[PDB]
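Read the figures in this text as sums done on the coordinates, not as results from a lab. Note: ideal-geometry Cβ built from the backbone for every residue, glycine included; neighbour counts use all protein chains shown.
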Amino acid sequence: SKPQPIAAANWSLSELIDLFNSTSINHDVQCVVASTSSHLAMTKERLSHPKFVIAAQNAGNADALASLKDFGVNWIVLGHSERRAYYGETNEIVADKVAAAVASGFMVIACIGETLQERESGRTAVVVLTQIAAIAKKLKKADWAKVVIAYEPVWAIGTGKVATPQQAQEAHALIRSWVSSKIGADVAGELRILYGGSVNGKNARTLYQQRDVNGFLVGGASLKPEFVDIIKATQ
């Protein structure tokens, strides 16, 4: 059925780490904690759960990517909404960043998603396909084993306005079909497409039940104990 699911936290911090460490996860799930360099070290050494991995948020360049590795960070979050909005990161720039991360043996979480405006304008599909297509342009079939797609409606990020399950699934299904048709069924079949944007402990379970949802990218709810519930919704 579904490939291994991911539960990612996009960053009391020690309190949460302690909580995570004491937490028993019994199913096959990959947990991730993405942090700012500021808290990278701490998390790096406080976090000891076997099912958790730490991820970085951004790498300026080659040197930065190397130092991460030297530090043991093997995962990275790219193309997050604020980057695209306020950091001059265009579709193409993100694609290039995704490829450079891959080239350095990184596991990547590439984020995509439309704005409210794009959503009102009935332009969702195109936007989404355009963003993914620019990504796909710089990867080769084998590289896809290192990619994770995080679909996040910009209007749902931090707003309290989560996508209905029908919205999410429609989005995820679109992405997968394109992947399957442009890249290949095998890749498609294996690809983890996460949902992100106001996920919480109550809405998680229903979202996860959608055929094409493989987990989440969680901001707010990850700074709380409910995150644990988020992890369990992937059972």
Any residue in region 37-53 that's under 22 Å from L65 (Cβ atoms): show its pairings with residues that are of a type in the set (S, T, Y) and part of a helix (DSSP H, G or I) at Cβ separation under 8 Å, as long as the two are six or more apart or on different chains. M42/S14
Residue hits (region 194-213; in contact with a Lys or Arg (Cβ under 9 Å, 6 or more places away or on another chain) and either crowded, with 24+ Cβ neighbours inside 10 Å or at positive phi (or both)) are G197, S198, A204, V213
List, please: which pairs have Cβ atoms under 8 Å, are six or more places apart or on different chains, and start with a residue in region 1-14 that is on the phi > 0 side of the Ramachandran plot and exposed (fewer than 13 other Cβ atoms within 10 Å of the Cβ) and end with one that is outside any loop (DSSP other than H, G, I, E, B) and small (G, A, S)? none
What is the residue count in region 175-189 for residues that are surrounded by fewer than 16 Cβ atoms within 10 Å (Cβ to Cβ) and of a type outside the set (D, E, K, R)? 6
Within region 77-120, which helices (runs of 4 or more DSSP H) (wholly inside it) include 1 or more residues that are in contact with a strand residue (DSSP E or B) (Cβ under 9 Å, 6 or more places away or on another chain)? 81-86, 91-103
Residue by residue through region 81-137, note down the ones that are surrounded by 16 or more Cβ atoms within 10 Å (Cβ to Cβ), more than 25 Å from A7 (Cβ to Cβ) and either in contact with a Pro (Cβ under 6 Å, 6 or more places away or on another chain) or basic (K, R) (or both). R119
From the list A163, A150, which one is crowded, with 19+ Cβ neighbours inside 10 Å and part of a loop (DSSP other than H, G, I, E, B)? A163
What tally of residues in region 50-76 results from selecting those that are under 17 Å from the mean Cα position of the chain (by Cα), within 23 Å of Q131 (Cα to Cα) and not in a strand (DSSP E or B)? 3
